[PDB]
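**Q** Below you'll find the sequence and an experimental structure to go with it.
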Amino acid sequence: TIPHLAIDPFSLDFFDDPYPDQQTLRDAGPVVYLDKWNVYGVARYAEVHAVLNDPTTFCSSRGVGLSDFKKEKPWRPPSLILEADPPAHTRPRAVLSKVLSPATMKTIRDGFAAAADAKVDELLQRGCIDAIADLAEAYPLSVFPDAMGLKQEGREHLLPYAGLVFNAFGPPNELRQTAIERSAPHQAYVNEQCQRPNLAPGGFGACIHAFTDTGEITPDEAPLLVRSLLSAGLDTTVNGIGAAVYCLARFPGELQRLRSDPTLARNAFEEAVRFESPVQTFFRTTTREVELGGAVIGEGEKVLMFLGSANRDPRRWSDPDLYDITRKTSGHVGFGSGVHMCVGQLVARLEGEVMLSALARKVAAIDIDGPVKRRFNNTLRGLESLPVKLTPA
Ligand code: HEM
Ligand SMILES: CNc1ccc(C(=O)O)cc1
Ligand SMILES: [Cl-]
């Protein structure tokens, strides 16, 4: 009843151009089996959405990568939020919701916006820049590590570490094995910085530690939650912003509309998140035999959710392969959905918004003017290099 496919969604050939394979995956059926990795797969919006919102059946505590924590040792101590199910999940999540709260963004918006503006003005002086290294990477590094309350020394370990985490959700392919075989320095740096003495008061980390007082988390839980932010909070935004600049680079009409109404800044980023889906895929593990899309999946089975595919499903979206900054993007799963839906989404959207706002106000044109290079990661989709010429407004 279930189609078996030999598509490797973690192959380089797939990353280079996933969309035809994603159509094949959608059109093959509501549930596919990927013989390559002995996992179930879901590529349509409906089923991906269904799986995300059924955490009691499709659990996270056996890992949200290919590896089953019930079968193998996790490569690092499990995340107390990402790789946990309710109820253990519930209370750490609340802490992160409050640390990264509506109230908190107020405290950082002026600086994040100022940092975005200064960067765009800086890049306009050079004229020809790499929209990755000089913008997508430089800007988040200039605000987010500080917002964490991180010291200056050692931050070069941050992106490599994030690169690793997202590779480690993947299968035991060369990317993962290669990523993990060189994690010691990154782990040591990040893990050391999660300790309270190393985190500046006022920053997200110290704020996380401050919450041990409420009974919501113990002191020994705080560093891993600090660790979560240092895992998820930087490289994602890099690829989201990079995605957004690339989209604006490829859809000049939409750049022009953005220029004509900078208050479209927040949704053009949101649309970019849908359109590129910086986080491409996650797994769940079935806790029981279960019917999904008329397909019966056994207990203890891995189910691969194609978030990017769900976000390009024509069953749900009109003209999905088109970037439209006034689209109603609500319901996209680029940030997930349900109890694990991105707890850092406000930081990401703030960063993206104020940068796209700066671009909208300061830049007249963005033209690709060099070889474009894709960055390969088992979970993250984004570019290694995007040479562009910025024309000032
Ligand atoms: C473009 C930017 C981002 C994208 C596309 C993204 C994507 C996602 C997705 C898909 C999930 C769901 C994971 C799952 O259901 O298994 C998630 C959760 C999470 N995100 Fe992000 N994220 C972004 C930015 C951020 C930021 C800025 C932070 C922190 C400052 C962050 C930290 C986290 C954490 C800790 C979780 C786990 C939440 C939970 O398990 O309840 N992410 N994100
Ligand atoms: C969805 N992206 C995430 C990656 C890692 C973590 C974590 O370290 O908990 C959380 C979210
Ligand atoms: Cl670690």
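**A** That came through, no problem. Numbering: from 1, shown residues only. Ligands and ions are numbered 1, 2, ... in the order given.

**Q** Now residue 357: which helix or strand?
**A** Take DSSP states H and E as the rule and residue 357 turns out to sit in helix 345-362.

**Q** Would you mind pulling up the elements that that helix packs against?
**A** Counting contacts by 3 or more CB pairs under 8 Å, 6 or more residues apart in numbering; DSSP states H and E, helix 345-362 is packed against helix 102-126, helix 138-148, helix 235-250, helix 252-260, helix 265-276. Placement of C-beta: from N, CA and C, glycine included.

**Q** what's in contact with the second one?
**A** By that I understand helix 138-148. 108, 111-112, 115-116, 119, 155, 158-159, 199, 203-205, 226, 229-230, 233-234, 237-238, 241, 347, 351, 355 (CB atoms under 8 Å, 6 or more residues apart in numbering).

**Q** ok, and which of those reach ligand 2?
**A** Among the contacts of helix 138-148, no residue sits close to ligand 2 (CB under 6 Å from any ligand atom).

**Q** thinking again about what came up before, quick one, the helix holding residue 357 and helix 265-276 angle?
**A** 110 degrees (axes from the mean of the first three to the mean of the last three CA atoms, to 10 degrees).

**Q** quick one: helix 345-362 near ligand 1?
**A** Yes - with CB under 6 Å from any ligand atom as the criterion, ligand 1 is reached by helix 345-362 at 347, 348.

**Q** Make 20 the starting number, not 1.
**A** Okay, using 20 as the starting number, the last item reads as helix 364-381.

**Q** ok and that helix relative to helix 271-279, angle-wise?
**A** 90 degrees.

**Q** Off-centre distance for helix 364-381?
**A** Averaging C-alpha positions (CA atoms, centre = their mean, to the nearest Å) puts helix 364-381 16 Å from its chain's average.

**Q** following that helix, which helix or strand comes up?
**A** Later in the chain than helix 364-381, the nearest helix or strand by DSSP H and E is strand 382-387.

**Q** List the buried residues of that following strand.
**A** Judged by neighbour count using 16 or more other CB atoms under 10 Å, the buried positions of strand 382-387 are 382, 384, 385.

**Q** Next, the angle helix 121-145 makes with it.
**A** Using the same axes, to 10 degrees, strand 382-387 lies at 70 degrees relative to helix 121-145.

**Q** Report all helices and strands that strand 382-387 contacts.
**A** helix 254-269, helix 271-279, strand 406-411.

**Q** Of all the residues in the first one, which ones are buried?
**A** Going back to what we said before, that points to helix 254-269. Neighbour-count burial for helix 254-269 [16+ other CB under 10 Å]: 254-268.

**Q** and the closest residue to ligand 3 within the chain, what are its phi and psi?
**A** Going by CB to the ion, ligand 3 is nearest to residue 206 of the chain, at 3.8 Å. Per-residue torsions, residue 206: phi -60, psi -50 (degrees, to the nearest 10).

**Q** I'd say it and residue 179 touch.
**A** No - contact status for residue 206 versus residue 179: not in contact, 10.4 Å apart, counting by CB atoms under 8 Å.

**Q** Please identify the helix or strand for residue 315.
**A** strand 314-316.

**Q** After that strand, which helix or strand is next?
**A** That would be, after strand 314-316 and using DSSP H and E, strand 321-325.
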